[PDB]
Amino acid sequence: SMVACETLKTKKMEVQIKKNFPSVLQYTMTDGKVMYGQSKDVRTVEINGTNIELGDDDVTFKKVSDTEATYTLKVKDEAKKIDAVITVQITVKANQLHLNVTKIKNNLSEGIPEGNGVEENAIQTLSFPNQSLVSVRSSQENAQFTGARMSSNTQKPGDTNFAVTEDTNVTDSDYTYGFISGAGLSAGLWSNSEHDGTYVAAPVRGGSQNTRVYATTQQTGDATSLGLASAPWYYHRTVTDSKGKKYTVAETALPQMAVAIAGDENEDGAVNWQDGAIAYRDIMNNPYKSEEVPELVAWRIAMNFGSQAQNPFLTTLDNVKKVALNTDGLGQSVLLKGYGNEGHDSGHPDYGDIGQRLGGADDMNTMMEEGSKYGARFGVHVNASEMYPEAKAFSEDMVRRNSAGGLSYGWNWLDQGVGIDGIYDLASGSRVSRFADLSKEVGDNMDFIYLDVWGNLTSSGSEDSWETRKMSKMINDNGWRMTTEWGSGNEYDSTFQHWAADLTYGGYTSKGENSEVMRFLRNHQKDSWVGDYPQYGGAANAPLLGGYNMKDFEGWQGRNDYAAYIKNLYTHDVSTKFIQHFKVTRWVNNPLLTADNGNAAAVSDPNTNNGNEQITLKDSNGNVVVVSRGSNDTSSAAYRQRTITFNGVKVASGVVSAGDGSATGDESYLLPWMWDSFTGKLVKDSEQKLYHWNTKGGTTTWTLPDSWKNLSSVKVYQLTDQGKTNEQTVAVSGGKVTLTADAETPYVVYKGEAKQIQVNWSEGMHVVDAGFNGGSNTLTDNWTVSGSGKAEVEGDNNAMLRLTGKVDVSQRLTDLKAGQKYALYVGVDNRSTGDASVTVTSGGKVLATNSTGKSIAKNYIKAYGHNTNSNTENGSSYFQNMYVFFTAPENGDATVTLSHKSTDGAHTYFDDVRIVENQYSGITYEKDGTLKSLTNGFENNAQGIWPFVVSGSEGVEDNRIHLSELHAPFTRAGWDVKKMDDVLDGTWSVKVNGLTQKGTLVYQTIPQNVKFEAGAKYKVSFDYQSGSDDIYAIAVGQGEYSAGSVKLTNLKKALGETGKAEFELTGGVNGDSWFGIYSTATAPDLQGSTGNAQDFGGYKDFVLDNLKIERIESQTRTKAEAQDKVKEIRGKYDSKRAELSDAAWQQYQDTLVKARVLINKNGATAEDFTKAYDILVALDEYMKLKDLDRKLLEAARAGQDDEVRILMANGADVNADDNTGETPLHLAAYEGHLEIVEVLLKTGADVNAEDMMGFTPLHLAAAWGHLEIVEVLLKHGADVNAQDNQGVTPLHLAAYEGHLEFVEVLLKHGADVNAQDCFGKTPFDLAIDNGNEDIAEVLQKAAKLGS
Amino acid sequence: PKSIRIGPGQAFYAX
Ligand SMILES: [Mn+2]
Ligand SMILES: [Mn+2]
Ligand SMILES: [Mn+2]
Ligand SMILES: [Mn+2]
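Line order of the protein sequences matches chains A and B.
Residue 338 is where the first sequence starts when you use the deposited numbering, and the numbers rise one by one after that.
Residue 1 is where the second sequence starts when you use the deposited numbering, and the numbers rise one by one after that.
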């Protein structure tokens, strides 16, 4: 009654608790062992950073039952505005004690005002300073502490291990995890505390620094006692957004903490943190859906970007089926990067806007529902730190502003990113509502969320564990597993870190969690560790547990190599995932832990594995896995040798191929895969299988698992992208098998004959096997081949349809909505001169048809599977989408035919037949079937910038060209520093962002999209906005783009006010004419803008809309007029043969011959004579301009100053070049014509133009002694550090020649004296090698200046 | 190894 203590009891222990405070006196286990609690009179409560000591009258006690007691704490400090009533519950179960704050009453508040308004006198933080829930003493046998802190550094362990002695002295020393052991018992302390504290290494915040355990020493008689307490909890935290507005936000959860008392749990004869860690798994928080992590064998990213729809959802479903066949149905985790809006880094933060061009929510749900049947999980890439004006969530309140009230700018790429006010986004309920929008679209189908950048301080200067906990909670509340970017980020809730799993990123200081404590506890729950990447050293040098090594083949950073993706899965990920099916129980002889790095008490067992590293793991069925290192010496070849045993039988042995791709290994394995790919339950004994891999290839012998020992034979299948192949029956002798394997080739072993995984290619795609994934058999079972020619499935990576000769490949279309409009498009690369066609028929009648001659535009789409870095044929790819538009017939009978017409030997490639509902109806034909008109407002584009295709101005890239979207007033001119409208008409336009001074083609039409008939005339018009005068130009060409063989028309500035462009085009003789947008060499006018305003202003941008192409009437000509025009052209240019390029004369002859065909044909009409005449007029205009260019170069070389002036006035291209690529400026600088140089620069010549050797005019000026020419060039923006094709800079040439003035001017403008050419020679090295010792010392003095 | 005078179609290095 008046007894100051009570007893709580379980079958495992009895605990004495104090009645005057929620403190434990001691824990007594059934076996009699004792663990101390808080032996001293400590009654401290901290509220809002104020310590308050409680007296007898401040605490009431109630024993509810033998397993529970309740405390009521009166916590008051009038001077500090604290008047609280805290209800504390202590409960016991088995060897666990829980301490929970079940109620917090604030007597000084009415609660949080509506809309998270500021709560005056809010209880923000709460803790129990030095509560010592568990403690160990220096007087106890083997008294010790083990702690863990966050480390993303492979060379810096996060752990600490030390003996607790009389000298141990700590005060609130904070750890993510803390374990104490002494007198045969061990305990860890768990808490849900969101406190941020001490860390070892982390490049970011975002929950990296969460430290939940406080260790404090006190004197208990003659001994030093080390006690564990929880770090402080947040309750009603008051926060401030970027505009100074304050909010009070309610708790993520009420304060909770627990301890679990362990004896010798792993039965190794020692009691230490590992025993405590085993018991700790029963009380710790577990990331939501962490139980499925061991099933996620195949992680990868499927990418979409810039309106292109590189990976529509139903294509991703086919790729899941390809991976399922190749892995024999192992689980997958597919990250959809760009699932929303126009693709990756478009539409942030509109989480609910599913990419309409990918097939929207409907296809995303079909993909997820069908994919789950193959064990594939899906998740989406979201961003809560950066937004774009186009996003409907974009608002003034969402905008993060700086101290001055200016925008906190993000990255400019397709559009200008703006920082999100992270505090406002949380406190206002805005972020949780956008997650609810996404939940409405996906229901319960989506597995996870991938949260990009969180922790890098883009949303606020905090992004602490408290914000991260709330972020993870709103995600988990929708049934989504949490995953994030940074290796160290979100320790509490994340199951995957992209910078931990993709080992190539960030280097050795910014990887996954380098902690033995954390990995011991949670290896099976996360892909957040350090895998094999030996160039990083330490933790990354052959970790025994392996660690996820992620690769991709669906466009992320241009990654498309399917075979390397599968090879990598088998090299590292199968064994890593096998190991994750077991929980660590013992880990000794860790070479990373030394007395030097604060780990003197780490366990060194010379009786385990010769004193070398070893890990024992167990599952709940008593199965045992042992993982052993060959040697603990990094200089030994045995350091990378690993043996894996399963119930004492060797299942893996050898050295893995280096995770950094630098050295093939010799590891072989025969891994028993006992689990289904769904919840990971054991499969029926009869369907149990083994995966076999042999790195070097050859023959190995293995002992089969115990349940296979009495079999007389096994069935072995080689796994391919077609599934199980080459069945072999292999004899079993004395429970052993011998297997012959090709190098790096996967095999699957069954007890008996195994059936093929059922695959129906291209479900929901209206055709079977739209991507030609069905092997050779698809051309028999799915597609119908007819003709004298050949049809084959070609390519070992992304398989394609390849046609040769006269051949048709057809298939019936299914599931079309009768009377509805559809676009059908197909990727096509035609190397043949003959036409390649796509046709939709219905009962033999043509509904729609399209064709391409030889393909003229290389593919520059980085995220696309057939870009020009992927080698379709002859080291290139010309893949471009070819469209047909039709109405699904009422009879429900429609067929697609892919065909090749000519009988030649050249190839046509097709891939990805896509049938999609689409309302585009802007093409009108002539009775002929030729083009009458094409109109496009870009409001109904199935994908891309059709009828244009992205050109090579950035090479193979995530091209800064896409379909811009309206969101007034934010996307319009006048918002903030924005001077250009993103959209001109309706909701969509074509936008080019910052592609100035490229001196090349940005985008163009191609004949398969818009065909211009030879000799026919067309009026082309469009609306546009351009940031500056002459930065962009209309380009008109014929055939594959050639610099110099295009007609250019500069476009004037139209900034915030829509301009109109119109021109006429005559179709070239080869039917390969096109028009497009070209980026000139002209610098933009930035109008005094600085910083981000230079990009956000729109000075460097180009927007196009309302495209109109129409065939027009040309003045009718007689046969006589056309014949006279031939005589006129021949009279002008036949004599100019010697003065012309071999290709220029052939083009001239080609055009003449074709014009004469039109004129002299039997039955030729007025239209033929008119076309012949118009072809000859276009030929004349072309030949004329080439002669003016040729004369401008000749006048520049010879030094005819006035002749140069009239030639440029008459139309000569200032950026024209000769045989060796010299522009008139190169020729003027080389010969030393200072006036000609000045005139050419005034006209608009490229100051940094490169010839065939990579020489700029400055290289030629400096090397020939033209001082003023050098100064003029530098004033106009000549790159002083321009390096030629041998790495030679103007300073190298200047030092090699011998004049100080050159050296001085160059150095003054910023010449790098440490510039090395391809032979490693600096300008100084070239000076000493010619007898130029004078310049050498001046160069030496210049180099020593910055030493 | 020989360094020559640069010009149209003539690279700085020829060995
Ligand atoms: Mn033990
Ligand atoms: Mn394909
Ligand atoms: Mn439009
Ligand atoms: Mn955009």
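All C-beta atoms, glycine included, are put in the ideal place defined by N, C-alpha and C.
Could you give the C-beta distance for residue i and residue j, rounded to a whole number, given that I count them as a contact under 8 Å?
i, j, result
"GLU632 (chain A)", "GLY689 (chain A)", "That belief does not hold up - the Cβ atoms of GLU632 (chain A) and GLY689 (chain A) are roughly 28 Å apart, past 8 Å."
"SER489 (chain A)", "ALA538 (chain A)", "5 Å"
"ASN851 (chain A)", "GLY495 (chain A)", "6 Å"
"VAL755 (chain A)", "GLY747 (chain A)", "6 Å"
"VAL993 (chain A)", "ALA879 (chain A)", "7 Å"
"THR409 (chain A)", "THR397 (chain A)", "4 Å"
"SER1169 (chain A)", "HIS1244 (chain A)", "7 Å"
For residue i, list the residues DSSP reports as bridge partners.
i, result
"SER1301 (chain A)", "A:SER1326"
"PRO1009 (chain A)", "A:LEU1027"
"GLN669 (chain A)", "A:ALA635, A:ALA713"
"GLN1345 (chain A)", "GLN1345 (chain A) pairs with nothing; no bridge assigned."
"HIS718 (chain A)", "A:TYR787"
"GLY1060 (chain A)", "A:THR1057"
"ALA14 (chain B)", "B:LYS2"
"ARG1454 (chain A)", "Note: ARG1454 (chain A) sits in no beta bridge, so no partner."
Around the C-beta of residue i, are 16 or more other C-beta atoms found within 10 angstroms, so that it is buried, or is it exposed?
i, result
"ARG1251 (chain A)", "buried"
"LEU1637 (chain A)", "exposed"
"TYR364 (chain A)", "buried"
"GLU1024 (chain A)", "exposed"
"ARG1474 (chain A)", "exposed"
"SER1005 (chain A)", "buried"
"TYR1262 (chain A)", "exposed"
"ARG977 (chain A)", "buried"
"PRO943 (chain A)", "exposed"
"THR1066 (chain A)", "exposed"
"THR535 (chain A)", "exposed"
"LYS1397 (chain A)", "exposed"
By the criterion of Cβ-Cβ separation under 8 Å, what are the contact partners of residue i in chain A?
i, result
"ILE4 (chain B)", "The contacting residues do not exist; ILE4 (chain B) stays about 10 Å from chain A at best."
"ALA11 (chain B)", "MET1590, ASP1621, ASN1622, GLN1623"
Would you mind telling me which residues of chain B sit closer than 8 Å to residue i, beta carbon to beta carbon, in chain order?
i, result
"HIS1596 (chain A)", "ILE6"
"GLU1559 (chain A)", "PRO8"
"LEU1630 (chain A)", "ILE6, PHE12"
"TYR1567 (chain A)", "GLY7, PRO8"
Mind pulling the chain B residues with CB within less than 9 Å of residue i?
i, result
"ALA1600 (chain A)", "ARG5, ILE6, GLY7, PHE12"
What does residue i reach in chain B if we use C-beta pairs closer than 7 Å?
i, result
"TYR725 (chain A)", "None at all; the shortest Cβ gap to chain B is about 46 Å."
"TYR1633 (chain A)", "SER3"
- Mind the definition here: the region 578-586 of chain A touches the region 494-501 of chain A only if three or more C-beta pairs lie below 8 Å; say whether that holds. no
- Message: Below 8 Å, how does it come out for the region 670-686 of chain A and the region 606-626 of chain A: are there three or more Cβ pairs, yes or no?
- Response: no
- Does the region 1433-1446 of chain A come close enough to the region 1271-1287 of chain A that 3 or more CB-CB pairs lie under 8 Å? yes
- Query: Does the region 1220-1228 of chain A come close enough to the region 1178-1189 of chain A to have 3 or more Cβ pairs within less than 8 Å?
  - Reply: yes
- Is the region 736-755 of chain A touching the region 1410-1417 of chain A, taking contact as three or more C-beta pairs under 8 Å? no
- With contact counted as at least three CB pairs below 8 Å, one residue from each stretch, are the region 372-379 of chain A and the region 467-480 of chain A in contact? yes
- Using 8 Å as the threshold, is the region 1503-1516 of chain A in touch with the region 1349-1363 of chain A, meaning 3 or more CB pairs across them? yes
- Cβ pair count under 8 Å reaching 3, the region 989-1003 of chain A against the region 1044-1051 of chain A: no
- Is it true that the region 1638-1654 of chain A meets the region 1596-1607 of chain A, where meeting means three or more beta-carbon pairs spaced less than 8 Å apart? yes
- Message: Any contact between the region 1200-1211 of chain A and the region 1146-1153 of chain A? By contact I mean 3 or more CB pairs, one from each, below 8 Å.
- Response: no
- Message: I want to know whether the region 1304-1315 of chain A touches the region 1472-1491 of chain A - three or more CB-CB distances under 8 Å.
- Response: no
- Message: Below 8 Å, how does it come out for the region 755-771 of chain A and the region 639-656 of chain A: are there three or more Cβ pairs, yes or no?
- Response: no
- Query: Counting Cβ pairs, one atom from each stretch, are 3 or more of them under 8 Å apart for the region 858-869 of chain A and the region 830-849 of chain A?
  - Reply: yes
- Using 8 Å as the Cβ pair cut-off and three pairs as the minimum, do the region 1278-1286 of chain A and the region 1456-1466 of chain A touch? no
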